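Accompanying notes for the structure given below.
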Amino acid sequence: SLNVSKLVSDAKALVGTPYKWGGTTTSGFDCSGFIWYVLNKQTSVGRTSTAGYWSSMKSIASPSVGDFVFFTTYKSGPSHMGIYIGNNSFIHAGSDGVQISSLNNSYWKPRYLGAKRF
Amino acid sequence: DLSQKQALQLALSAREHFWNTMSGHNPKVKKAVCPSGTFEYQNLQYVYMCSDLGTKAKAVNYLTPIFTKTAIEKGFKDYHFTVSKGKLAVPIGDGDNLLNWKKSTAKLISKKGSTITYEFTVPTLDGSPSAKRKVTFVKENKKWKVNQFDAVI
């Protein structure tokens, strides 16, 4: 339903932007806002938590590029998310900033909860 | 007159308050009730704070122990708090525990009069390159407190 070429490229350009709670701006993001910021560039969408995007998104088993991947970090259930960019990588917005991280890292992979797609 | 071991205890203290403040609830207060409802303001989706943090005054009372008075002004501004139907509200957001503050290291950057600043190198659970977080401590009343809201996380 979206130009994955635009999503992944529109996200990638933002690498290096720092972290802030509820950050919907180019001056700081979080899990939810980074996806919100990147998504509203193409279509109008509402702002929700990582838990909301988990429950408002359509279920799939294996991510394709442009799909959304979910992890359990600070609490039980979805608490962190990113976009699948290909290979086994994902772009996400974290404390140190927007980063590219791969799904075969020792922190993420045990905590990879599943994938849900727009 | 503030040591490294003590500073981490305060910094880890602000970490606790910041998270709970942003979540809308002090988890210790189990008698609380969190108002259902979302709204939009300033192009932000807002949610209601739990009873224990329901009013700005309750919020201010929560944090004046660890954060200087000025840190609380700027914080209420920076994180765009608002009041609707008499209840305080926050823009919805998520946290990140990527930084392992418990296993941090502190190096003193400055001590000039009433102000002290320490540089923390924080390991990442991620395996990610570890993070430089400078925290400034200022003594309000006689208590050492942090002079910015979002200093830890």
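Quick note: numbers on chain A are straight from Swiss-Prot, i.e. 217-334, in order.
In case you wondered, yes, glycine gets a Cβ from its N, Cα and C as well.
Following the DSSP three-state reduction, the secondary structure of A:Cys247 (active site, nucleophile) is helix. In sequence order, A:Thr266, A:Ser295, A:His296, A:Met297, A:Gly298, A:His308, A:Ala309 are the residues of the chain that are 6 or more apart from A:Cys247 (active site, nucleophile) and have a CB within less than 8 Å of its CB. Per Swiss-Prot, the feature active site, nucleophile maps to A:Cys247.
Sequence annotations record features per position, and here Swiss-Prot assigns active site, proton acceptor to A:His296. Taken residue by residue with DSSP, A:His296 (active site, proton acceptor) is part of a strand.
Marked as active site by Swiss-Prot: A:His308.
Among the features that Swiss-Prot reports, domain 'NlpC/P60' is placed at A:217-334, with the record citing sequence analysis.
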Are any of the active-site residues A:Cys247, A:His296, A:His308 near chain B, where near means a Cβ under 8 Å from a Cβ there, and if so which?
A:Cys247, A:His296
Under DSSP, is A:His308 (active site) part of a helix or a strand, or is it coil?
strand
